[PDB]
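As you go down the protein sequences, you meet chains A and B in turn.
Residue numbering for the first sequence follows the deposited numbering, beginning at 5 and increasing consecutively.
Residue numbering for the second sequence follows the deposited numbering, beginning at 6 and increasing consecutively.
Here is the structure we will look at.
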Amino acid sequence: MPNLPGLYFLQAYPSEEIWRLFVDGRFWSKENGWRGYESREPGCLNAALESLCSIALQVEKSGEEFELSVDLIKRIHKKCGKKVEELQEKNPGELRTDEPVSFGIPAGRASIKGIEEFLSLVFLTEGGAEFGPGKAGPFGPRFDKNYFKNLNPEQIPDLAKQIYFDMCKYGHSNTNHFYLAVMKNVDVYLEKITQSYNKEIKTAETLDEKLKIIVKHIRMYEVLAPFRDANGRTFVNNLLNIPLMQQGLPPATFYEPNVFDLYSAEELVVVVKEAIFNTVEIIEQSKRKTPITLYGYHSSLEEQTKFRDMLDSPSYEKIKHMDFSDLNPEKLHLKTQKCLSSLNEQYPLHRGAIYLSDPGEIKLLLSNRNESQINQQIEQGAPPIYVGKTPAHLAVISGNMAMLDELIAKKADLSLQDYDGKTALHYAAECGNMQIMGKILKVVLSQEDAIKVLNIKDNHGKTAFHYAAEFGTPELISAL
Amino acid sequence: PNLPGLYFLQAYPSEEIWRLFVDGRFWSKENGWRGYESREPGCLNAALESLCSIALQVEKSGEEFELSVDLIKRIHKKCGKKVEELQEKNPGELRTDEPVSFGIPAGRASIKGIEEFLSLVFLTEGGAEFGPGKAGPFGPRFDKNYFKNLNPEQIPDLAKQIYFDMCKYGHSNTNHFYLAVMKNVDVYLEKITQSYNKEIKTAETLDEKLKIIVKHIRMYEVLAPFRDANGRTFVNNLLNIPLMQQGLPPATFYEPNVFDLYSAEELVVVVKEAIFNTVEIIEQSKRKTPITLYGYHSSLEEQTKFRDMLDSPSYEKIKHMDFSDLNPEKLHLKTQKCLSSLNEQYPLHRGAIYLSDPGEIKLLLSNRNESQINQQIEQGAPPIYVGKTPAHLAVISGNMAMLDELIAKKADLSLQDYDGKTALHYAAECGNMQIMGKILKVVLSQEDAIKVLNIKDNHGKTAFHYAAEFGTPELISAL
Ligand SMILES: C[N+](C)(C)CCOP(=O)([O-])OP(=O)(O)OC[C@H]1O[C@@H](n2ccc(N)nc2=O)[C@H](O)[C@@H]1O
Ligand SMILES: C[N+](C)(C)CCOP(=O)([O-])OP(=O)(O)OC[C@H]1O[C@@H](n2ccc(N)nc2=O)[C@H](O)[C@@H]1O
């Protein structure tokens, strides 16, 4: 009986696409896939892949059934810091004590049920964690209000609606709300979360119950930030993928993994399922030898060879040359297909705009859909990509020609601004897509308020053409 | 050495060798050489083999290089090898009574070009046809044939009229047709060969030799001796040999299809401008600088596809050839002096094509007036310049630094070239988001924004029709 039956998918994951497990999908189009990610912290991608593979290999080899331990978490973090200069500074492998860890949270990484769960965390009140509106200051956040100071728990539901509304008022992608983590008993809290996980997992019978326990605890580990940095990589890109692979599910390819603080466990199950679905889509697209185009990104032969030359992960090679003969791929595939089915009947057009490429399937999806349905903007709680976006915004960010063509035919309002004040045009300019932009402009110029639509300003007071004029520009002090 | 210029053929980077045959005008829109190869599979490999095999032949023979019909016939056989499109019309064999006709647009013509053309006695004598008309079931349907009862005294004014008429139809549109000679092509081919060999020994200077070279390559093109492959044979192959005999590099053309209706003097400039392209490709490659000429940036995929496609044993022989008893500095100094003529003609336009340094650009545009910055080059200049502003050219070339400077000097971005295209139309066609966004910001900061965006070219297309058409395949495909 295998320990991590899901390792099948880690091997099935194409070598030249392996970086997708660590690099947020949100970066792909704008940062040459993984290039922007590796450049901020050279070495990280090799370190993160080695961490995931070496530890997966540790648990698959042991006779004991997999149980969470702080030593394991500590090893994961040490492994994520190897060769990384940016992470050597804050000592990897060792825990935080009284060192402060603070960060800002925008509306786009939050939900009302998320904020309710967050304020309801007794270890946040007990540990003296801070949360509320303010500004970034000289020595950390300058809080106007701290919601954990004299928090009446009865008030939590209405306060969560107010905190969310306040966060939106500032801007979906703007940071007004700050979080200062616990500076006492982090070692006790890390052990208590570990204890809770190990105890609760044996309680869950269904796969969907196990997923809620898994995310519920990964969230508590993220919210408690036990290390100075590499908290995300350690818990969501590493730790999380092991119990997923223990259930025989693939690892998670995230668009925006930075939602484990202010999203609810139920909403995180969906976020994780969507991310498991991206691994399935990459693997299937690679099997059928179809160029992978997820999240509007088309890799170049130059990007692929550079990554292949940069790849150095001995434990990943061990997994790639590993035997899976006494493992049924069909049953494994059928289990994840059934697990993922929940994602099917939810925002059909939006998911269509992200995943659907066949014009016949697209034409059928958009048949008998009304004006409110085709112009629908998903509300708070759905995975971050959907929030405030129309099928048209999503079709533009995905490079979905066939969906955009169909939406134009169904007469979708291309002037609708998302929660960042951006139109389909703003995104076309940012992505650098000439065809999508030309297609929208033809529509815009065939209407009366053309000049008004072209001059629509987003949250940053920028026009689609400010973004177009800024497209491709380097991040270097260079003459040419 | 027989061909000192072979030095540059070797100095030409292997993965860029296709640039000698593929018109620069195609590069941006057709993935460099990809569109060219796909029209006649095998053709670039043949063209290269023809040029190298015959250059290697003349260098190896102790006799001084002299043009012969056998050589020309050999070039043509070589250009058709493994090429199915060229096998149909028998390579190496000369035309007799088989018709050869094509249309000529204003953009490939000049007044001095048309004057020289009508003045060609072998065109009148051989019964060649030229004038306005339409394409018909069995060839062009002529409304007028200028070679029928041509009074030579009328030629200068007729050339102005033919040109004006050609413009009236549209710069890139074909209204004027040419039906070549169908009698004594073999005599004319020999007479042109005889004339060349005799005239070349008469020219003392390099500039005199260049006029004799083009004058004859033009007559060979105008007489179309073969049914097919006349361009490759004469301008991409034949022409490069006497250039390499003078110690000059071979010619990298933007538009080589100007050897019918351009004058010999105007063709010297076209050829010099093409020789200068080879010099820029080589120098950029030497400095490990990515080559960006004519708005095209090759992808690693395009380079490796061409590297896997390349097969020319004579080219390899040239690449592994010795040039120790050849002074590269003297060779380089001779071409620099030869190309110096090109320096003070349309400074801003050339700047827009070649210049990339912002300091050089800023200096070039200093003390330049409104008429100078918005200047559209008239008929006679190499085809790329005709009717274009420095701004059109900056956009076609992907020259960000020049476009940035032109916007600062307040260049009119609404000016239409002779095809009815604005700087915006070209930005949409090239697919450049940054250039387009930059122009749109300027357009939207003016009153007639909506008018400028709705400017229709000759094809009745808007800049945005081209943007919407950008990247679209040439295949019956759903996805
Ligand atoms: C941002 N948080 C605080 C909400 C969660 C992450 O906690 P952290 O900052 O302690 O850790 P981390 O470095 O693992 O963060 C992971 C996230 O940082 C970003 N990241 C990480 C590494 C890197 N080379 N470049 C990046 O941009 C990505 O958005 C990634 O998803
Ligand atoms: C077109 N003319 C008649 C004005 C010039 C001579 O043309 P031709 O048909 O005798 O011969 P040719 O095939 O050698 O012409 C060369 C020109 O044809 C075009 N060409 C040729 C081969 C190819 N695979 N693709 C092309 O686009 C290019 O414009 C090239 O520069």
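All residues carry an ideal CB built from backbone N, CA and C; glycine is no exception.
In terms of residue numbering, what span does the alpha helix (DSSP H) encompassing residue i cover?
{"i": "A/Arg312", "result": "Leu305 to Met314"}
{"i": "B/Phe239", "result": "Counting along the chain, B/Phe239 falls outside any alpha helix (DSSP H), and DSSP gives it neither H nor E."}
{"i": "B/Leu53", "result": "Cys48 to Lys65"}
{"i": "B/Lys367", "result": "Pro363 to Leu369"}
{"i": "A/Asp28", "result": "Neither: A/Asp28 is in no alpha helix (DSSP H) and is coded neither H nor E."}
{"i": "A/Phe70", "result": "Taken as a continuous stretch (DSSP letters only), A/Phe70 belongs to no alpha helix (DSSP H), as it is neither H nor E."}
{"i": "A/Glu90", "result": "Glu89 to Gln92"}
Of all the CB atoms in chain A, is at least one closer than 8 Å to the CB of residue i?
{"i": "B/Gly403", "result": "no"}
{"i": "B/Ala428", "result": "no"}
{"i": "B/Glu306", "result": "yes"}
{"i": "B/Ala433", "result": "yes"}
{"i": "B/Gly442", "result": "yes"}
Give the interface partners of residue i over in chain A, defined as CB-CB distance under 9 Å, in chain order.
{"i": "B/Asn459", "result": "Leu449"}
{"i": "B/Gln439", "result": "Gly436, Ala472, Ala473, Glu474, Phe475, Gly476 and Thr477"}
Taking 8 Å as the CB-CB cut-off, is residue i touching chain B?
{"i": "A/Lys94", "result": "no"}
{"i": "A/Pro18", "result": "no"}
{"i": "A/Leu445", "result": "yes"}
{"i": "A/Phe469", "result": "yes"}
Please confirm whether residue i and residue j have their CB atoms less than 8 Å apart.
{"i": "A/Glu474", "j": "A/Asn36", "result": "no"}
{"i": "A/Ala396", "j": "A/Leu418", "result": "yes"}
{"i": "A/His354", "j": "A/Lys291", "result": "no"}
{"i": "A/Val400", "j": "A/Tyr431", "result": "yes"}
{"i": "A/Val105", "j": "A/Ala185", "result": "yes"}
{"i": "B/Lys117", "j": "B/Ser268", "result": "yes"}
{"i": "B/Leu14", "j": "B/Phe122", "result": "no"}
{"i": "B/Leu8", "j": "B/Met249", "result": "yes"}
{"i": "B/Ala406", "j": "B/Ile366", "result": "yes"}
{"i": "A/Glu321", "j": "A/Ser115", "result": "no"}
{"i": "A/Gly108", "j": "A/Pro388", "result": "no"}
{"i": "A/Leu53", "j": "A/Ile22", "result": "yes"}
{"i": "A/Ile80", "j": "A/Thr238", "result": "yes"}
{"i": "A/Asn180", "j": "A/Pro137", "result": "yes"}
{"i": "A/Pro110", "j": "A/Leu331", "result": "no"}
{"i": "B/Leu445", "j": "A/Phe264", "result": "no"}
{"i": "B/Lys83", "j": "B/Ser66", "result": "no"}
{"i": "B/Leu125", "j": "B/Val227", "result": "yes"}
{"i": "A/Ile246", "j": "A/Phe70", "result": "yes"}
{"i": "B/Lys87", "j": "B/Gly47", "result": "yes"}
Verify the contact flag: residue i, CB atom, against every heavy atom of ligand 3, threshold strictly below 7 Å.
{"i": "A/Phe107", "result": "Annotation note on ligand 3: not contained in the displayed structure, which lists ligand 1 and ligand 2 as its ligands."}
Where do the ends of the beta strand (DSSP E) carrying residue i lie?
{"i": "B/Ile109", "result": "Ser106 to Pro110"}
{"i": "B/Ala133", "result": "Here B/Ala133 belongs to no beta strand (DSSP E), and DSSP marks it neither H nor E."}
For a contact meaning CB atoms closer than 8 Å, what does residue i contact in chain B?
{"i": "A/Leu484", "result": "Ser361, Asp362, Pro363 and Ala406"}
Could you work out which residues of chain A lie near residue i, taking near to mean beta carbons separated by less than 7 Å?
{"i": "B/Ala454", "result": "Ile455"}
{"i": "B/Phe264", "result": "Simply none; closest approach about 35 Å."}
Residues of chain B with CB closer than 9 Å to the CB of residue i, please, in chain order.
{"i": "A/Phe311", "result": "Under the 9 Å cutoff, chain B gives no residues; its nearest Cβ is about 13 Å from A/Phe311."}
Would you mind listing the beta strand (DSSP E) stretches within the stretch 145–218 of chain A that are 3+ residues and don't spill past its ends, in chain order?
List check, beta strand (DSSP E) in window: 145–147 and 179–184.
(Q) My parser needs the alpha helix (DSSP H) runs of 4 or more residues fully inside the stretch 262–340 of chain A; what are they? (A) Positions of the alpha helix (DSSP H) runs, each at least 4 residues long and wholly inside the stretch 262–340 of chain A, are given as 269–291, 305–314 and 318–324 in order along the chain.
Q) Enumerated in chain order, which unbroken segments of the alpha helix (DSSP H) with a length of 4 residues or greater are wholly contained in the stretch 395–432 of chain A? A) Qualifying alpha helix (DSSP H) stretches, in chain order: 395–402 and 405–413.
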